[PDB]
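Novice: my complex, first installment, coordinates as in the assembly:
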Amino acid sequence: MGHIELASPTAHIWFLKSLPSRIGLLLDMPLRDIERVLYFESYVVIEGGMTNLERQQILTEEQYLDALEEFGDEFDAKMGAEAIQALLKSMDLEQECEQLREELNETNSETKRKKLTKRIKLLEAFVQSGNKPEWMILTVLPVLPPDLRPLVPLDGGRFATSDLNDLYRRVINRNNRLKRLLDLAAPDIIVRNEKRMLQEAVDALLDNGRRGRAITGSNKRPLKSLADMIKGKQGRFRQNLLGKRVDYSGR
Amino acid sequence: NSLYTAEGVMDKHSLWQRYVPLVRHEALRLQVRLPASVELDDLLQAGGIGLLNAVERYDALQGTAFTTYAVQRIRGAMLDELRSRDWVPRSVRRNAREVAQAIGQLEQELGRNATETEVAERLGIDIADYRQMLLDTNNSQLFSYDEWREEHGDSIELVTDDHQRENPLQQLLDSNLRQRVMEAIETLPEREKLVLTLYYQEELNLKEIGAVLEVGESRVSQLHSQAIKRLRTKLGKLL
Amino acid sequence: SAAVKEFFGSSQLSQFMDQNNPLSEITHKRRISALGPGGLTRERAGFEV
Amino acid sequence: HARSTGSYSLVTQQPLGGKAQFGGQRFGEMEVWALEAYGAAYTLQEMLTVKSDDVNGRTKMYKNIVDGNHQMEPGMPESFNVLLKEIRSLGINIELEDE
Amino acid sequence: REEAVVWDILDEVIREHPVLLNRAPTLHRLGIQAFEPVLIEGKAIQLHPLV
Amino acid sequence: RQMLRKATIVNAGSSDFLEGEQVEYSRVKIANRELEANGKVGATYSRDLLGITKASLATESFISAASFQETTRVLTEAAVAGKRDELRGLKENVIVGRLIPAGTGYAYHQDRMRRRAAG
């Protein structure tokens, strides 16, 4: 394989849209807030220089302005993956573990006890795996070899291809656009749109019609992602790997 | 964004901002075509950037409208993006547009179809030119996993063939013939033995040896002929 | 012409005919379905129909 | 139809199906389950390695048979590592612990 | 060229040379069995009735 | 007895208080800890039952779990946790295509097991 460097980070979806997140499930934040961040709807507190305001505190870009014009300097609040990145980066595990195990003892009512356990073992996982929540981001990704998404010609010179390629292309175009734009320091709104379209291209590569509605060709049929190399009957398991075509055989 | 000047930034941006609706409504009929036509957001991003470029270099002493200066660059960015995705040449598509116009024009002139000699006439360049062009233009790509029709019996990925295949015995007997070569030539002169060994075995240099001896490679010639005469003393199929 | 060519060539209804025996053809043209567009599907549809 | 040896797939290199294209027959999970009910390992080893994917395997076994040698050597299916390469594609450190 | 020796050596080999048989679908493990050949002049298999 | 391969915990001192867990490992720890290892720090147990379809999901190995149903979810929850399967089931060996842990190849498999024990 090979790779691509990205301009800016993005985030993964089997970590997110699936049943329990592990992303904000960790944080203690809901989904909906997090979409409104990363779809680029609402700012959110990074770290209030003033304890006037609060961490994890959501900011609509109208009420954000009140806080802004009041203080300006003494808060940090943004919208997007970088924000969540530095946020994940900030938190320590240890203290949260000890305090959860501590205050667990107080009122271990069942749903509450469940959720404490839930987080606590997430924490132990991040520790003992050696993993880093930092690494939940995506700023670099791999390029799968031609042999597995090929393009070959036909009798009359016509071609047949893998749609994967098509999805790689849009990604690259957008990223290159974004660099070209960034060289000019342009107004921010087109940047926002550029990264919306970025992450949308990204996860649609991973798994098309899950988060947002699917991309198709001209036929009105999907641009088949990865995951269905692995899934249903069609996947390697049930088609290719367990069940076998065979020579030295007949009927 | 901004400039060194600030009033020429806010006037700039306000103008920029005011004719985003311009971007839209000129774009809003550059629809049904290739699936980014469905997207429409690419168009908006493109339009904004082309706008900035026009903005950067408004020429004011001309007295043209700035929308009028702008529209050109707008379309330029649009068409650029469209050219970006396609990977076939341009004059190709010129000729395609030309046959389209011509064939429709003349089909209504006549009121019936398919008398290509007329195409040879009206587009009187040559027959072979379009005869090639139809290959060149009228044939587009397709995809690989389209199901095979009368429910999903198989795909196109199972009805495929290859010409560059592996085959086990040709290399087998080629190596056999390699040791037969050394078997044949081992009774023959020392350099030519090594010439043909080391050129044919490890895929090295031929006249490198002609340079070593410095005899002009004529003795090479007759001896090579003799090695052939020596290998034409046995039998082998795979012909 | 494109559409016309299409479903005369693309529809799930338009088929080759069965040239094996007279019965085959005359019946195969007297054959009824509720499938295709504006119709139904095997796995979804059940027993009641 | 019968078939000894011939064409193959390309992305995965195991054989095809169809008398028209000199087809190999399919070997389902059900046939595996039955075999396990008996418990005859080497059968499956062969069935999955040499007659399906292991190209080195098919070659050297053909070699051994024509030499009169009715013996075996295994490898690893290509089709396995493909999945691995899909997995890493999805942004994952799949890997393996050497012995 | 299909010489008579071909058939002689065929007879030579296939004795004691068993094979594997399969009907579809494989429900229980007897859906397949292990038989011994007897060559015949046709293009259709004969089968011992009881199975 | 394969429907029943889990029990929830009563007491604590070894591990978490009520974390869902193998009955079998519970027996192990108490067949190791509640012995002269110690009178008791380990814990007692309720006993659990589980319908099959998720019992299969709820397993050590991720692979067989990953084979047939909701493989993605499996894969996430495993991969977060730095998990590792040990090639002891059948499917585990057929996929990789190694010899079976049983039947004919039982003997070479136990040989390979003592090799794992013997380096």
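Specialist: Alright, I've got the coordinates. Residues are numbered from 1 along each chain as shown, chains lettered A, B, ... in the order given.

Novice: Show me which residues of chain A sit near chain D.
Specialist: Proximity of chain A to chain D, by CB under 8 Å from any CB of the partner chain, involves residues A:1, A:12, A:14, A:138, A:141-142, A:144-145, A:147-148, A:150, A:206, A:226-227, A:229-230, A:236, A:240-251. (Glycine included, C-beta is placed from N, CA and C.)

Novice: can we see that at 6 Å?
Specialist: Selection of chain A residues close to chain D by CB under 6 Å from any CB of the partner chain yields A:142, A:144, A:226, A:229, A:236, A:240-250.

Novice: Which residues of the stretch 151-251 of chain A lie near chain F?
Specialist: Selection of the stretch 151-251 of chain A residues close to chain F by CB under 6 Å from any CB yields residue A:237.

Novice: any idea how far the residue nearest the centre of chain C lies from chain A?
Specialist: Centroid-nearest residue in chain C: residue C:13, 3.2 Å away (criterion: CA atoms, centre = their mean). Separation of residue C:13 from chain A (CB to the nearest CB, to the nearest Å): 19 Å.

Novice: likewise residue F:81?
Specialist: Look at residue F:81 and chain A: by CB to the nearest CB, they are 5 Å apart.

Novice: Which helix or which strand is home to that residue?
Specialist: In the assignment (DSSP states H and E), residue F:81 maps to no helix and no strand.

Novice: ok so, going back, quick one: which of the residues of chain A next to chain D is nearest to chain B?
Specialist: residue A:245 (10.0 Å; CB to the nearest CB).

Novice: could you also fit chain G onto it:
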Amino acid sequence: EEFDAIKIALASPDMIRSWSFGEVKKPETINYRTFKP
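Specialist: Chain G added:
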């Protein structure tokens, strides 16, 4: 070829670096005629 066990882990970026061999930069594959990369 012989190996003991499986293990899954997270894809750190520098692992992408070590695994890769070079950086791709543009959307095309080939020429439209010279059936070449």
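
Novice: quick one, phi/psi of the residue nearest to residue E:40 when sequence neighbours are not counted?
Specialist: Nearest residue to residue E:40, sequence neighbours excluded (CB to CB, 6 or more residues apart in numbering or on different chains): residue E:46, at 6.4 Å. Per-residue torsions, residue E:46: phi -90, psi 150 (degrees, to the nearest 10).

Novice: Please name the nearest non-neighbouring residue to the closest residue to chain E within chain F.
Specialist: Per CB to the nearest CB, the residue of chain F with the smallest distance to chain E is residue F:103, at 12.4 Å. Counting by CB to CB, 6+ apart, residue F:103 lies nearest to residue D:39, which is 2.4 Å off, once chain neighbours are set aside.

Novice: so the nearest residue to the residue nearest to the centre of chain C once chain neighbours are set aside, which of the three states?
Specialist: The shortest distance from residue C:13 to any non-neighbouring residue, by CB to CB, 6+ apart, is to residue C:36 (5.5 Å). Put simply, residue C:36 is coil when judged by DSSP: H, G, I helix; E, B strand; the rest coil.

Novice: how near is residue C:36 to residue C:12?
Specialist: Using CB to CB, to the nearest Å, we find residue C:36 at a distance of 5 Å from residue C:12.

Novice: Work out for me the element residue F:101 sits within.
Specialist: Per DSSP H and E: residue F:101 is located in neither a helix nor a strand.

Novice: include chain H as well:
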Amino acid sequence: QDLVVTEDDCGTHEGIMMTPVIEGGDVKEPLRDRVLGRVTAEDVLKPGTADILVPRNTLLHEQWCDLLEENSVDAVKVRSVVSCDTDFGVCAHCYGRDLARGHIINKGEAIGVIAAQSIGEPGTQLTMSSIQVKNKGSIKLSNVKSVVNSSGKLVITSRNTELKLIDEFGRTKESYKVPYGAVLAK
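Specialist: Okay, here's chain H dropped in alongside the others:
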């Protein structure tokens, strides 16, 4: 997928009793049939008491089913599947016999394989007032709280109880449960 025999005998402790499935009518599984090839939980005896015939375990072949059907036993325990204690596997003793073979299982076999396919194959086929004694015999009612009703006959004061017809020997002929305070003639 996982299951096999690991070990020859687990030496493990007891398991479950089998008593027949005669309910409603006559026998519907001989105690013989159930026993056949099981392994005893324990040393076991005869109605004339104190006659051991397993030292906690044997192949319970038709010699024994006969030997024992001579007599009138009606209940025996076995080192069940469920009670085997082997970590990651089982013993062969607990399982008993291979039916298809006819003898003690040698170690190394898969089991639930056989189970699943064996139960799945037929399943294709397989979707497709008063209480009145018929014949004589002893009557047996257990775990009863009851009373001589005003009439003089018996009526149940605990829902536990169920009527039996036990034969003159002592094995059950029939069993039919009787409601709380139901009116009896005996």
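
Novice: hang on, the earlier thing: I'd like the secondary structure assignment at the residue nearest to the centre of chain C, please.
Specialist: Here residue C:13 is recorded as coil under three-state DSSP.

Novice: ok, it to chain E distance?
Specialist: Taken as CB to the nearest CB, the span from residue C:13 to chain E is 32 Å.

Novice: Please state the backbone phi and psi of that residue?
Specialist: Residue torsions, per degrees, to the nearest 10, at residue C:13 are phi -80, psi -40.

Novice: How about the residues of chain G by chain A?
Specialist: G:10, G:12-13, G:16, G:20-22, G:24, G:27.

Novice: ok, the residue in chain H that chain A sits nearest to to residue A:128 distance?
Specialist: Distances between chain H and chain A by CB to the nearest CB are smallest at residue H:1, namely 12.1 Å. Per CB to CB, residue H:1 is found 28 Å from residue A:128.

Novice: Likewise for residue F:86?
Specialist: 18 Å.

Novice: In terms of neighbours, single out the busier of those two.
Specialist: Neighbour count, other CB atoms under 10 Å in any protein chain shown: between residue F:86 and residue A:128, residue F:86 has more, with 13 against 10.

Novice: Tell me where the longest strand sits in chain D.
Specialist: As assigned by DSSP state E, the longest strand anywhere in chain D is strand D:92-97.

Novice: That strand and chain G, are they touching?
Specialist: Yes: legend: contact between strand D:92-97 and chain G by CB under 6 Å from any CB is shown at D:92-97.

Novice: Good, we can wrap up now.
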